Amino acid sequence: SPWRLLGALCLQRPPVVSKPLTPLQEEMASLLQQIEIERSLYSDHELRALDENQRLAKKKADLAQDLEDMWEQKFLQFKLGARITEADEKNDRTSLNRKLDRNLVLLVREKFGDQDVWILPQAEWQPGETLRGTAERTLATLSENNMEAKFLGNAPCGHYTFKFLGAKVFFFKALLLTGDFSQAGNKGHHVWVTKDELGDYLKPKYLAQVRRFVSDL
Amino acid sequence: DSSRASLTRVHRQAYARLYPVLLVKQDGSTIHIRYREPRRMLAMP
Amino acid sequence: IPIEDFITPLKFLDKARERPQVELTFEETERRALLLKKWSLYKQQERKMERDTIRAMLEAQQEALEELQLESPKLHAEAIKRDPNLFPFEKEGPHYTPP
Amino acid sequence: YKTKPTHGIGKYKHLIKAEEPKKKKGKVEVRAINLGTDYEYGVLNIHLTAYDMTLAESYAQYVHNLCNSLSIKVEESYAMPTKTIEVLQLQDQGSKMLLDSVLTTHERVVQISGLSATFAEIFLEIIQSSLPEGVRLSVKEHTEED
RNA sequence: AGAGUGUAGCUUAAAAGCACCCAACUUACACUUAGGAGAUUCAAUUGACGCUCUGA
Numbered sequence: 043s044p045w046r047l048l049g050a051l052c053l054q055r056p057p058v059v060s061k062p063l064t065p066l067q068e069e070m071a072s073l074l075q076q077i078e079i080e081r082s083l084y085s086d087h088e089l090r091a092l093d094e095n096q097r098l099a100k101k102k103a104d116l117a118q119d120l121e122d123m124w125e126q127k128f129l130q131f132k133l134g135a136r137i138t139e140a141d142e143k144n145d146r147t148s149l150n151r152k153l154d155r156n157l158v159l160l161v162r163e164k165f166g167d168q169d170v171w172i173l174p175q176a177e178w179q180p181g182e183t184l185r186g187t188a189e190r191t192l193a194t195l196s197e198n199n200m201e202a203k204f205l206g207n208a209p210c211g212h213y214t215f216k217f227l228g229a230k231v232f233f234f235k236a237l238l239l240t241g242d243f244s245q246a247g248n249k250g251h252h253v254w255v256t257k258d259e260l261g262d263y264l265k266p267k268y269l270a271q272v273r274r275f276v277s278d279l
Numbered sequence: 034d035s036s037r038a039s040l041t042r043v044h045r046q047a048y049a050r051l052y053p054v055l056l057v058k059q060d061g062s063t064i065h066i067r068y069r070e071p072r073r074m075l076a077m078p
Numbered sequence: 083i084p085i086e087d088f089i090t091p092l093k094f095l096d097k098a099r100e101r102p103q104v105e106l107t108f109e110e111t112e113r114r115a116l117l118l119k120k121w122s123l124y125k126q127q128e129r130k131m132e133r134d135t136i137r138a139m140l141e142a143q144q145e146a147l148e149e150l151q152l153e154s155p156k157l158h159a160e161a162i163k164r165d166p167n168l169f170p171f172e173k174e175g176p177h178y179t180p181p
Numbered sequence: 048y049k050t051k052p053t054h055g056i057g058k059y060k061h062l063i064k065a066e067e068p069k070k071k072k073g074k075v076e077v078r079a080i081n082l083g084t085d086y087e088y089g090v091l092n093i094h095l096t097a098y099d100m101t102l103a104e105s106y107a108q109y110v111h112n113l114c115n116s117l118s119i120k121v122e123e124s125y126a127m128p129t130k131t132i133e134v135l136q137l138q139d140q141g142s143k144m145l146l147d148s149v150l151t152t153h154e155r156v157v158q159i160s161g162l163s164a165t166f167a168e169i170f171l172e173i174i175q176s177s178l179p180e181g182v183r184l185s186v187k188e189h190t191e192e193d
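Residue numbers (the deposited numbering), protein chains in the order written: chain e, 43 to 104, 116 to 217, 227 to 279; chain m, 34 to 78; chain 8, 83 to 181; chain f, 48 to 193.
Written out as structure tokens, the structure reads:
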């Protein structure tokens, strides 16, 4: 009973920035803030304004404004980080700083002799070794950089079956911490791809069953 | 999926105002923190 | 010995005469009711979405496990158990503005 | 009656296991049941430390409702006292005058009993995928004293 | 290309009973109260629009 030994290596990248906000959530936050204001009582700023103005009027008939002005000036002078990062490039799709709002999966294009499709970076395992060890070895060899792929568990994800001699594919995921990719100008077609781009790039059924267990958000 | 725990509310009965203040860490990132005194910038070394 | 912290301080009982009144209107109440209904519907939709995604992930994991069991009666013993690696696991939250 | 066919019909303590034990000071945690083809870890300890209190409380409520709806037993969830921290502020033209600020820091703790490999990995990936802004996760062990 | 099928997540239910979420109490879970969204895919026991399996 011959069985060809293959695998798979899907990359998991945590998002940096949050998803955009909807108007109904804005109205909900506004009404929650109004309820918080109506429920709050005896605050430091409220007193430091009210009793201070009362003392001012009393000693005039016989702080806070400058402080909030300085606060507004310091807020206007300090410019926060520009969140506009997915629209100023629109070309460098294989960059780490491309998408920072959702999850990104990495895949490498490889043209074989009988097959000419865009398969996820597989992982060949040997009977003399384990499975996760061979998977992480193949992930380290196909990445040619210094990365920290923290696996979320020894259990697999999804399996398939294709014959012509039997074969099998073992999917494995690992959480990525930092991104120290050396030499981003390699000839390997490793592009950071999210969800919609992933569903648009693939074509056969062996890849259409991958978007069912990935974090769709 | 980061908005499920964003719209919050203080369930306590007696409390003061918690203005949405911003704070920058030792790298460059702001965060909305509900804290009194309507400050704008917190330079934490 | 755990120290209780939810106890309100002593400065929460001497002062309580600032904003005792609350004035609204019928339009504000009906708008708040409509917004709460819409938010409840949105939360129910998100809960159903999470439920179906979790069910899909679980059935995919079960299919992968049963295929690995029927294709290899040895790798399951080393794939089901977890090696000591996620003991000091940590994941810091996302950010608002990039560095 | 003992001889009648209706014997043992009013029995009810055999269907319950709560023997009213002293669970306030008992430090008997379940060990990680290792076997190979059936992995089962003991009790963990999830930490949600942040600067805001209401965010941590909401996240704790959400994760508790999630683990209640996912059919997994929960030990006990408590909270530790906050730690006040001062933020020194040096003057611009004067490198000798230092000021001080006040900020809060809270943290919540939740525990789950049964965590099989697939179920625990799905739970942790769902937690990290729906991780809100501000808080941070740092799972430790059950031997964390106060 | 063939087969299994057919009431929302479930029914040896015929438009109901179980489920879900939000608002009030709770460190927290939870009861309770106050509310919300849900279905017989089509033309008269028949044939075809949706899912799965067996293939190439």
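Quick reminder that beta carbons are idealized off the backbone N, C-alpha and C, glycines included.
Along the segment 130-156 of chain f, the positions whose C-beta sits under 7 Å from a C-beta of chain m are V134, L135, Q136, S148, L150 and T151, read in chain order.
Taking the beta carbon of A47 (chain m) as reference, the chain 8 residues within 9 Å of it are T90, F94, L95 and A98, listed in sequence order.
For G134 (chain e), the nearest beta carbon of chain m is closer than 8 Å to its own beta carbon. Among the residues of chain 8, none has a CB under 7 Å from the CB of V255 (chain e); the nearest is roughly 19 Å distant.
For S160 (chain f), the closest alpha carbon among the candidates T84 (chain f), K120 (chain f) and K72 (chain f) is that of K120 (chain f). Considering only beta carbons, the part of the segment 171-190 of chain f lying closer than 7 Å to chain m consists of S176, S177, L178, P179, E180 and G181, in chain order. Under the 8 Å criterion on CB atoms, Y86 (chain f) is classed as non-interfacial with respect to chain m.
The beta carbon of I66 (chain m) does not come within 8 Å of any beta carbon belonging to chain 8, so the residue lies off that interface. Where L195 (chain e) is concerned, the enclosing alpha helix (DSSP H) starts and stops at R185 to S196. With respect to the 8 Å criterion, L173 (chain e) and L279 (chain e) are not classified as neighbours on the basis of their beta carbons.
No Cβ-Cβ contact shorter than 8 Å links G49 (chain e) with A202 (chain e). Note that the C-beta distance between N156 (chain e) and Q54 (chain e) is below 8 Å.
Interface flag for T111 (chain 8) against chain m is unset, since no Cβ pair is found closer than 8 Å. A direct Cα-Cα distance of roughly 12 Å separates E122 (chain f) from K74 (chain f). Contact with chain e is found for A164 (chain f), since one of that chain's Cβ atoms lies less than 8 Å from the residue's Cβ. As a beta-bridge residue in DSSP terms, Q54 (chain e) pairs with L237 (chain e). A47 (chain m) is positioned such that its CB atom lies closer than 8 Å to that of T90 (chain 8). Counting of Cβ neighbours within 10 angstroms places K69 (chain f) among the exposed residues, the total staying below 16. Exposure of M123 (chain e) is indicated by the presence of fewer than 16 other C-beta atoms within 10 angstroms of its C-beta. Taking a Cβ-Cβ cut-off of 9 Å, the neighbours of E104 (chain f) in chain m comprise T41, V43 and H44, given in sequence order. Under DSSP, the beta-bridge partners assigned to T96 (chain f) are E154 (chain f) and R183 (chain f).
The straight-line gap separating the alpha-carbon atoms of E76 (chain f) and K249 (chain e) is approximately 53 Å.
The segment 143-150 of chain 8 and the segment 147-158 of chain f do not touch, with fewer than three beta-carbon pairs separated by less than 8 Å. For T53 (chain f) and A65 (chain f), the gap between their C-alpha atoms comes out near 27 Å. Taking a contact to require three or more Cβ pairs closer than 8 Å, the segment 149-169 of chain 8 and the segment 151-160 of chain f do not qualify as touching. Sequence-distant Cβ neighbours of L51 (chain m) in its own chain, meaning closer than 8 Å and more than five residues away, are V43, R67, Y68 and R69. Burial check for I85 (chain 8): the Cβ neighbour count within 10 Å stays below 16, so the residue is exposed. Contact annotation for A208 (chain e) against chain f: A164, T165 and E168 [CB-CB distance below 8 Å, chain order].
Distance from the Cα of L117 (chain f) is smallest, within the candidate group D165 (chain 8), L168 (chain 8), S154 (chain 8) and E132 (chain 8), for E132 (chain 8). At a cut-off of 8 Å, the C-beta of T179 (chain 8) has a neighbouring C-beta in chain m. If you look at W124 (chain e), you'll find it in the alpha helix (DSSP H) that goes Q118 to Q130.
According to the DSSP assignment, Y263 (chain e) belongs to no beta strand (DSSP E) but to the alpha helix (DSSP H) extending over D258 to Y263. Counting of Cβ neighbours within 10 angstroms places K152 (chain e) among the buried residues, the total reaching 16 or more.
With distances taken between CA atoms, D258 (chain e) lies nearest to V276 (chain e) out of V276 (chain e), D242 (chain e), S244 (chain e) and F243 (chain e).
Put simply, the CB of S244 (chain e) is far from chain f, with every gap to its CB atoms at 8 Å or more. Put simply, the backbone Cα of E125 (chain e) is about 48 Å away from that of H251 (chain e).
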